[PDB]
Structure formats: C-alpha cells, structure tokens
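J.: Take this structure, written in structure tokens, and hold onto it; I'll ask about it next.
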Amino acid sequence: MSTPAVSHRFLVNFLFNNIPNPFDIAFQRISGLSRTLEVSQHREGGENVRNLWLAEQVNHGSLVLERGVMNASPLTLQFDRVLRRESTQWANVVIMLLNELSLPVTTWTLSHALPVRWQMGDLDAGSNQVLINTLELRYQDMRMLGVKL
Amino acid sequence: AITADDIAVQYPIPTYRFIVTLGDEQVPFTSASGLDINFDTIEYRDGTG
C-alpha cells in the first residue's frame, strides 16, 4: 500500500485584490481545517429505540497560522490594513503538502479568507525563544483537491 | 630545619584525630560527615539586560 502523508512540508499561496502579485509565505504551524455538518436530533412519538438525525448547515472552521517575527511580508502588511479597518479585502488561499520530490499530494484551496485576529507572543527576559505571532482567518468555502484526499 | 612547633602553626591538619562531644558527654566515633553550609539562590532578569 502507498505510504501515508507526513505533516512537516507545506506551501501556502495567497491572492488578494489589493495586491497585484500572488505571494507565497512560509509558516510554522498551520492549525487544521474542520468541516461540520450540524445535524439535529428529532424525537418521534411512538419510536423509542432508534434515532433520527436531520441534516442542516455545513460549518467551516478557521485557519490559524503561526510564523516568527521576520521582515514585513505582503501578508502582515495586509493584516495591518484590515485590522486598522482601512480595507476589508479577503483572499483565495491555496495550501498544499509536498512529497519527497516536489509534488503536491493534497491541496486545500480556501475561498474569501478574511483576516480577523493577530496575536503576539510573550516578551520574557529569560526565555530563549523566537517571537512567534499568531494569525487567524475566517473563510467562506473550502474545497480539498489532490490525489491523497 | 623546621622545628615542629612551626608545624603546629603552618602545616595543615589531618582528619584521623577528632573527638565528638554530644550533649554533656563524649562518645568515640569512627566517621563523621555532612557538616556543610549550603545556600539557595534567587535571580532576576529584566528586558534591558
């Protein structure tokens, strides 16, 4: 059987409408994409032994990203504009894992992602650590691709 | 020429000759160890160094 996919190589591509060039930014800690369907349980009168689950509404999670405090990229300059309320532009994000050669084995492809939260790491006098800042986006739809679905 | 009254002032002291007074009496012991003076340590660092 083919070997499963490990989780320490990944590219992320962003495409805003403010910014003319699509840019690719390296992260440390992409959190993880959930997708819940939100059923509800109904209880019938004469039926006491089975359950009844009724499908309603697909809920998508959130894209939480982590990287170090490095030079100003086109994405930390873009969260600065949205969190100062100077723009409300959102982007189409493409996230993909890479195998041993270079090849994309799975792709996640988020749509209309909106920057909603910046979170700075701690400043501590005895710490021995890189200052990590936490970024967080809310998207509208999600569409996973690739050969390793 | 060292004249052993100078040994009693200058030379070090060996460990094998000792007496242990324990309360109101002396008890002859063979070994004795652990008479240390040990301190803890408190530190503080701020962002300026």
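J.: Consider B:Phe39 carefully, then state whether it is out of contact with any helix residue (DSSP H, G or I) (no Cβ under 9 Å at 6 or more places or on another chain), surrounded by fewer than 10 Cβ atoms within 10 Å (Cβ to Cβ), away from chain A (no Cβ under 14 Å) and aromatic (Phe, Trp, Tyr).
T.: Yes; evaluated as a whole, the condition is true for this residue.
J.: Here is a further query. Here is a list: A:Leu131, A:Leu98, A:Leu135, A:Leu145. Which entry is farther than 23 Å from A:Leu33 by Cα and in contact with a strand residue (DSSP E or B) (Cβ under 7 Å, 6 or more places away or on another chain)?
T.: A:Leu131
J.: Does at least one position in the range A:41-61 carry a residue that is over 26 Å from A:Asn17 (Cβ atoms), within 14 Å of another protein chain (Cβ to nearest Cβ) and either within 18 Å of the chain's Cα centre (by Cα) or of a type outside the set (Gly, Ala, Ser) (or both)?
T.: no
J.: Further question: For B:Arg45, only one of the following conditions fails: (1) farther than 30 Å from A:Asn128 by Cβ; (2) surrounded by 10 or more Cβ atoms within 10 Å (Cβ to Cβ). What is its number?
T.: Just one mismatch for B:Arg45, condition (1).
Matching residues to (1) touching a strand residue (DSSP E or B) at 6+ places or on another chain (Cβ under 9 Å); (2) assigned to a loop (DSSP other than H, G, I, E, B); (3) surrounded by fewer than 10 Cβ atoms within 10 Å (Cβ to Cβ):
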residue: A:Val12; (1), (2), (3): yes, no, no
residue: A:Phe16; (1), (2), (3): yes, yes, no
residue: A:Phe27; (1), (2), (3): yes, yes, no
residue: A:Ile30; (1), (2), (3): yes, yes, no
residue: A:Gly45; (1), (2), (3): no, yes, yes
residue: A:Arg50; (1), (2), (3): no, yes, yes
residue: A:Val64; (1), (2), (3): yes, no, no
residue: A:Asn71; (1), (2), (3): no, yes, yes
residue: A:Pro74; (1), (2), (3): yes, yes, no
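J.: Another question about this same structure. Based on what the data block shows, is A:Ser31 out of contact with any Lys or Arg (no Cβ under 6 Å at 6 or more places or on another chain) and either of a type in the set (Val, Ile, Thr) or in contact (Cβ under 8 Å) with a residue 24 or more places away in the chain (or both)?
T.: Yes, satisfied.
J.: Spot the failing condition for B:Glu25; the list is (1) within 14 Å of chain A (Cβ to nearest Cβ); (2) more than 30 Å from A:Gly126 (Cα to Cα), and only one is missed.
T.: (1)
J.: Quick check: anything in the range B:10-17 outside any loop (DSSP other than H, G, I, E, B) and either more than 30 Å from A:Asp124 (Cβ to Cβ) or of a type in the set (A, V, I, L, M) (or both)?
T.: For the range B:10-17, residues outside any loop (DSSP other than H, G, I, E, B) and either more than 30 Å from A:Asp124 (Cβ to Cβ) or of a type in the set (A, V, I, L, M) (or both): present.
Taken together, the values in this text are just the output of simple stated rules run on the coordinates, not laboratory data. Positions of Cβ are generated from backbone atoms using ideal geometry, with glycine treated the same way; all protein chains shown enter the neighbour counts.
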